[PDB]
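Visitor:
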Amino acid sequence: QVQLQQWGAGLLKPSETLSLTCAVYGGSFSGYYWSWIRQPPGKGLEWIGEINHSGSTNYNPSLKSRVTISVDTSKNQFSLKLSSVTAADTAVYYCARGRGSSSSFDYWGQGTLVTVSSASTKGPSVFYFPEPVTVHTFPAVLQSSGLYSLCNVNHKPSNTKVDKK
Amino acid sequence: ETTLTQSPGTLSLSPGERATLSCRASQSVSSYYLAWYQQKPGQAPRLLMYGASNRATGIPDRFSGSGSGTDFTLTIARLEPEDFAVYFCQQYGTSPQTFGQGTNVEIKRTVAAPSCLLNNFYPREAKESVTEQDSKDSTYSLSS
Amino acid sequence: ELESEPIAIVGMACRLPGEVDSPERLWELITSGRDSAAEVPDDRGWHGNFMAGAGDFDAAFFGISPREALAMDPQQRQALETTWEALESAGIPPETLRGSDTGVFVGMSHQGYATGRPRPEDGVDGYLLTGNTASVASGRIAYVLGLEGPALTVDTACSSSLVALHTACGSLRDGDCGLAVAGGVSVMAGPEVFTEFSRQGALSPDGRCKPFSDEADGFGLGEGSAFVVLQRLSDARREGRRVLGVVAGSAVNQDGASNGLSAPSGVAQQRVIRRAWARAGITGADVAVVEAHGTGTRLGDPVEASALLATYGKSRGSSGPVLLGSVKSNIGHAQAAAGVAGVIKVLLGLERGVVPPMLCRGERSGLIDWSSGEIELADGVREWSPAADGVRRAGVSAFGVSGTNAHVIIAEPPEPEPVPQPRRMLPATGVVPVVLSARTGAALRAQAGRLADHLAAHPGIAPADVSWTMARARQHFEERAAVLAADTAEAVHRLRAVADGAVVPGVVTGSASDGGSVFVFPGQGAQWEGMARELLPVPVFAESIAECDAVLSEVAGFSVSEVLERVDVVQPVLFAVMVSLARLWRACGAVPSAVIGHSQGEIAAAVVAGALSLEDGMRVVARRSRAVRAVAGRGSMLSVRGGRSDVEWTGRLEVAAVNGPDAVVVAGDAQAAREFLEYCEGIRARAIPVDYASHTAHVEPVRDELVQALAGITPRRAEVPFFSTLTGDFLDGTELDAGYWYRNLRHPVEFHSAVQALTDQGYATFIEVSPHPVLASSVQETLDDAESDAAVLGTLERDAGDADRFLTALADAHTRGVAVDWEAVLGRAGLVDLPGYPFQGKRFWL
Amino acid sequence: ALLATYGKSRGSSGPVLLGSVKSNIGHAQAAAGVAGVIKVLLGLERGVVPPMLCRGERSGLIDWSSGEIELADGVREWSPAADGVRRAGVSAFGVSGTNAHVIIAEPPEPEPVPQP
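Residue numbers (the deposited numbering), protein chains in the order written: chain G, 3 to 129, 152 to 159, 171 to 185, 203 to 217; chain H, 17 to 131, 151 to 162, 178 to 194; chain D, 29 to 74, 91 to 608, 618 to 701, 709 to 742, 745 to 908; chain A, 351 to 466.
Written out as structure tokens, the structure reads:
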């Protein structure tokens, strides 16, 4: 059958360079148009670009100036590089199989959340960043400070566990 | 870039009802280059329609696609539980491939009350942080 | 939300003296500083400026009899050909206008055609009144083109064509039409107009207008045809037309009580100039060029110059002096066509960004106060200063001898909003098709010679533009030709090949036909390793291939299997390429009137016709082809050149297909075959690479089993008429059950029979929808037997599964009359100026 | 064409009256139209529908069956419309194929003004 797996650094600082790669399993990398599609939070999707097994590319003009996608035909893999990132680029990046140049997409990667911030990892105060905190638990929300605000609280990325009640 | 405006914002109905999802393009596009996707939450999009009207392999026959230049439509005959999701159109005829902003397809239930917390409530409309539509009560919960 | 919407000039055409037969030839004459003054022709029967082909008319093009053409006023005929040319300049195939609000406004007066008694021989009785009454000049255009907005003929003498423009602009602003042809025509048939002006002493002995010159000694009579296509600017931009200029404002008024009906009044001229500025919301400083009435009469020129002084001369402000000229200095006084001739002159200027020059002959008129220095004669080409707005503008003037005056402000067109361009099916290969059409073969040849001459004299022109223009901005007629070309120079060579009757690669010729197209799905041996791979960039195609991958695995575990064979793989893959190529033809506009198939082909054809879904169609060809690998070993097939009956030793081999008059398939026992084969080593027979024999009794083993496997399929009513090669006739798609699919594997394939029937029923074009031509040659032979003109076409070919081949197929399908949606194929390029329809005019002169 | 426009959807306004001044004066060709206009203006003055010299019986080629179009036989009442405004339509169809239709209406009431 056909299945897509993507990996890459999720958390980034501004002016840095996003780098994700996608691996195609079982499919025929040859003849299909391997593509990146991002989706800012809760918004509509936005097409980044595509590349075939030959190296022919095609980029969205809105990002061409700072995007590069590539194939390795002996690895069966293809990858996205996105320069000069910004908090605009915070999105769920998806790799997908295009049936032809700039076409419809049938098989899709699982999605990589890519968060561009400038906040060293702080830990929650229970009466936190990054945002994989666990405890009607509301979705987190970003303050102007840059820190999410939201019982066995457990902030993995800060080895914190207030476990207070 | 060609713009896709979906309609309505968030169509609410109940299982069994017929859901009609519409999509207006900023300019005419050949029917061969329009597509419809379903996106269950926190998953990837799943292709439903390609070329405006052609059902993707494995998609139940209740999903129907139609429409021409500017106005295209996706129609589900009988809303089954797993259909309640978000739907996106996609045009791929204009150089910049573009996508709809999306339409939600939520559960309709008898209006309840918010019981600063807003407890379990419906409709979600309210005057923060709200909770997704619950699985057994299909109500919401905001937190200002 | 309502005002004097700007009107746009989207096309223009003209026939003028000095051998001018197009706006571009007019530019040549003006920059050359040549004139057209010559002696009156003898062929009219009684010095001036005269049209090259005043009396030539391609009567047969418009379906007009030679007798009626002889009765038509040459002005009626020029107006009709020039209207056509103008719509071609606007890039509108005139058929698309049939039933349109399009309006017709023709400026014209009577010029003494058909004043004698009718030589009975000429037999013009019943045509002479209609060929020579003013209203018909405009009504006939609406009749011949099926136009249905207002059609008027207006006479205001020299201003006629600008008054017609002025009326069309109100018609458009008012909603009375949504497209308009406006212009004027004159042909001096008789000598009455020349004689009256001679008697008055109004004509120079030269025959030359010397406008604003000290040498001005009367005007030179001329003639011609000048027409523009008008459209509200909103509609123009929305339809993506090429706007040439815009009528920013225009005005009309009258001398009133001058000193003699013809006497000119400078005050009237001033007021009409100023109403135009008002309608256009400008002042004279915003206008760099004035294209004047400018007839070269000693007493009138100063009158015109004094009003320009009193209007354009004052408050010039920042704007430097106003440039002044008149196209009558090169072509004479074109009477009812004078105005729009002037308008086409300044539009040529706007194209090239310079001020069109005038034939200045001698010194300035001593009768004109040049002392302000604010008016300069346009002596040679000059800069066209934009206005303070950054908009170039001109003013055109026509002052008629019956006292009615017009003035028009022409402005450069606004910058178009950029729009996302549509995609071009088929990857780019540098090769572009360029299609030609005319109403006869001689006309077709002439079209090709002219396109080649234009492209040689005008290189750097983008082949994508010539391609788009000749496919999208021209009407397609009966006699056709098409030329594939990767660069301008290869176009010229192959267009000349059409022109001169040469057979050359990349060139195709054909007649377009009424009859339908039949999609032939062959199966057999259409496969070649790597086929149709170069079409996987095309979404229409790749998408079909992908969905085919989905349902094959679920029913056979297989897929593309062409990243880099045997009967139960090859048949499920040829099925997929054939329904994919079919969808590609579909999306390029080739819609099938009927489908027909050969053995397995019938399954792709049933899918292509809608009788079986893609799923059931895959399942039918997967479990029909798995079932054939179960009677492998003994059995084989052979082709036998030579017709059946003659080929019709028994109980081991039988006839299993009939493919044409000179081609049969025979099948049965393996050894038994080699027997027949090496027998014929002393007929051109050959064995098919097979390990079994179908359409024989060797298949009765898998019956019942197959019928069962395919018991879940759901035959549906077809959307496309499916012709059964088995039944030998049309067959409801419900009837395509497992039984039909077994009986298709067992009974013999009467394909020669079916092609004969479809030829009987009048189908015009057979398109073999396959990766390599398999049956095409047999079908072509069947048609030669029936002495038919039906055409046969392939899709892809071995060493030709590229887009360039499909492009070639599109080119030939279109040349035979298949409707290729060139918009969906060559996306949407720009309109380039190429020669018009090549009118094959004969002379008619009563 | 009159039946498919003036004959449809009249809804208790009575059949439209029909006539042609060419019955009294013939085809004035270029003046045929204003002639007809002057004829309906004559009528508007007097508040009656101007009559037509109808001869013989109504053409059998014509579907009179809805009873929605009636020949202006002699003088008739000019029913005003709900608006209260009396109107008429005038046609002139050219043999070059150009057509004109004009709605003539009754003049609106003059705004009264103190007299010199």
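The beta-carbon is built from N, C-alpha and C at its ideal position, and this holds for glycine as well.
On the DSSP letters alone, give me the boundaries of the beta strand (DSSP E) that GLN5 of chain G sits inside.
Guide: Unbroken beta strand (DSSP E) run through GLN5 of chain G: 5–10.
Visitor: Taking 8 Å as the CB-CB limit, is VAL69 of chain G close to chain H?
Guide: So no, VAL69 of chain G is outside the interface.
Visitor: What beta strand (DSSP E) runs, 3 residues minimum, are completely inside the segment 319–397 of chain D?
Guide: DSSP runs (the beta strand (DSSP E)) wholly in the segment 319–397 of chain D: 333–335, 366–369.
Visitor: Could you say which of D:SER179, D:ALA529, D:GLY234 lies nearest to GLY99 of chain D if we only look at CA atoms?
Guide: The option with the nearest alpha carbon to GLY99 of chain D is D:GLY234.
Visitor: For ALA525 of chain D, count neighbouring C-beta atoms within 10 Å of its own C-beta (all shown protein chains included) and say buried if the count is 16 or more, exposed if not.
Guide: Buried, by the Cβ-count rule.
Visitor: Sort H:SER84, H:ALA51, H:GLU98, H:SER191 by Cα distance to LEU64 of chain H and report the nearest one.
Guide: Of H:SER84, H:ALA51, H:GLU98, H:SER191, the residue nearest in Cα terms is H:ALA51.
Visitor: On the CB-based measure, 16 or more other CB atoms within 10 Å of its CB, does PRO777 of chain D come out buried or exposed?
Guide: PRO777 of chain D should be labelled buried.
Visitor: Tell me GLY554 of chain D's beta-bridge partners as DSSP assigns them.
Guide: DSSP output for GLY554 of chain D lists D:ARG524 as bridge partner(s).
Visitor: Which residues in the same chain as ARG111 of chain D place their Cβ atom closer than 8 Å to its Cβ, once the five residues preceding and following it in sequence are excluded?
Guide: The residues are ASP166, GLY167, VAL168, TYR171.
Visitor: From D:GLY156, D:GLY340, D:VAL198, pick the residue whose C-alpha is nearest to that of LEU247 of chain D; which is it?
Guide: It is D:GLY340.
Visitor: Show which residues of chain H have a CB atom less than 7 Å away from the CB atom of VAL595 of chain D.
Guide: In chain order: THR73.
Visitor: Going by DSSP, what residue range makes up the alpha helix (DSSP H) through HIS876 of chain D?
Guide: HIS876 of chain D -> alpha helix (DSSP H) spans 865–878.
Visitor: Considering only residues of the same chain and omitting the five flanking positions on each side of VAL94 of chain G, which have a CB-CB separation below 6 Å?
Guide: Contacts found: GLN41, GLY113, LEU115.
Visitor: Quick one: Cα of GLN624 of chain D to Cα of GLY569 of chain D, how far?
Guide: Distance between the alpha carbons of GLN624 of chain D and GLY569 of chain D is about 10 Å.
Visitor: Just confirm the distance between the C-beta atoms of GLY264 of chain D and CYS253 of chain D, as a whole number of angstroms; I'd bet it's less than 8 Å.
Guide: Between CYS253 of chain D and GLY264 of chain D the Cβ distance is about 5 Å, and since that is below 8 Å, they are a contact.
Visitor: So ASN449 of chain D and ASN297 of chain D are in contact, right, with Cβ under 8 Å, and what is the actual spacing, rounded?
Guide: Their Cβ separation, rounded to whole angstroms, is 6 Å, which keeps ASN449 of chain D and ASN297 of chain D in contact under 8 Å.
Visitor: Would you please verify whether the beta carbon of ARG672 of chain D is less than 8 Å from any beta carbon of chain H?
Guide: No - not a single Cβ of chain H is within 8 Å of the one on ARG672 of chain D.
Visitor: State the CB to CB distance for the pair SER106 of chain G and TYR66 of chain H, rounded to an integer number of angstroms; the pair is presumed to be in contact (CB under 8 Å).
Guide: That belief holds up - the Cβ atoms of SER106 of chain G and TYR66 of chain H are roughly 4 Å apart, short of 8 Å.
Visitor: Is the Cβ-Cβ distance between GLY795 of chain D and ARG577 of chain D less than 8 Å?
Guide: Their beta carbons are not under 8 Å apart, which means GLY795 of chain D does not touch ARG577 of chain D by this criterion.
Visitor: On the DSSP bridge list, what partners appear for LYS904 of chain D?
Guide: The partner list for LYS904 of chain D (beta bridge, DSSP) reads D:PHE101.
Visitor: If you draw a straight line from the C-alpha of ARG672 of chain D to the C-alpha of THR827 of chain D, how long is it?
Guide: Their Cα atoms are separated by approximately 30 Å.
Visitor: Please go through the same chain and pick out, in chain order, the residues whose beta-carbon is closer than 6 Å to the beta-carbon of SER85 of chain G, but skip the five residues on each side of it.
Guide: Counting only Cβ-Cβ distances below 6 Å, and skipping sequence neighbours, we find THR19, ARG68.
Visitor: Grouping DSSP H, G and I as helix and E and B as strand, with all else coil, what is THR123 of chain G?
Guide: Three-state DSSP puts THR123 of chain G in coil, outside helix and strand.
Visitor: Using a threshold of 8 Å, state whether the C-beta atoms of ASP102 of chain D and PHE906 of chain D are closer than that.
Guide: No; because the gap between Cβ atoms is not below 8 Å, this pair is not in contact.
Visitor: Keeping to the same chain, check which residues put their C-beta closer than 7 Å to that of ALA101 of chain H; ignore five residues upstream and five downstream.
Guide: Cβ neighbours of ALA101 of chain H beyond the five flanking positions: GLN54, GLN55, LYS56, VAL121.
Visitor: Check the Cβ-Cβ distances between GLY183 of chain D and every residue of chain A, and say whether any is below 8 Å.
Guide: Yes, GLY183 of chain D lies at the interface with chain A (some Cβ there is under 8 Å from its Cβ).
Visitor: Under 8 Å, do residue 909 of chain D and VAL724 of chain D count as touching if we go by C-beta distance?
Guide: The requested residue 909 of chain D is not part of the displayed model; chain D covers only 29 to 908.
Visitor: In this structure, how does DSSP classify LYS83 of chain G when only helix, strand and coil are distinguished?
Guide: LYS83 of chain G: strand per DSSP, three-state reduction.
Visitor: Determine the chain H residues that contact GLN5 of chain G at a beta-carbon separation under 9 Å, and present them in chain order.
Guide: Neighbours of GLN5 of chain G on chain H: none; closest Cβ ~12 Å, over 9 Å.
Visitor: I'd like to know if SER179 of chain D contacts chain A, where contact means its C-beta is closer than 8 Å to some C-beta of that chain.
Guide: Output row for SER179 of chain D: interface = yes.
Visitor: Starting from the C-beta of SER131 of chain H, find all residues in its chain whose C-beta is less than 6 Å away, skip the five residues before and the five after it, and write them out in chain order.
Guide: Excluding residues within five positions, none has a Cβ falling inside 6 Å.
Visitor: Hey, does residue 224 of chain G have any beta-carbon neighbour from chain D nearer than 8 Å?
Guide: Residue 224 of chain G lies beyond the range of chain G shown here (3 to 217); nothing can be said about it.
Visitor: With C-beta atoms as the reference, is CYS202 of chain D less than 8 Å away from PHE443 of chain D?
Guide: Cβ atoms of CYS202 of chain D and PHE443 of chain D: closer than 8 Å.
Visitor: Are there 16 or more other CB atoms within 10 angstroms of the CB of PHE792 of chain D, so buried, or fewer, so exposed?
Guide: Under this definition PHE792 of chain D is an exposed residue.
Visitor: Please decide whether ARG694 of chain D counts as near chain B, where near means a Cβ-Cβ distance under 8 Å.
Guide: The chain inventory of the structure shown lacks chain B, comprising the protein chains G, H, D and A.
Visitor: Quick one: give me the first and last residue of the alpha helix (DSSP H) that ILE58 of chain D is part of.
Guide: Looking at the DSSP string, the run of the alpha helix (DSSP H) that includes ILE58 of chain D is 51–60.
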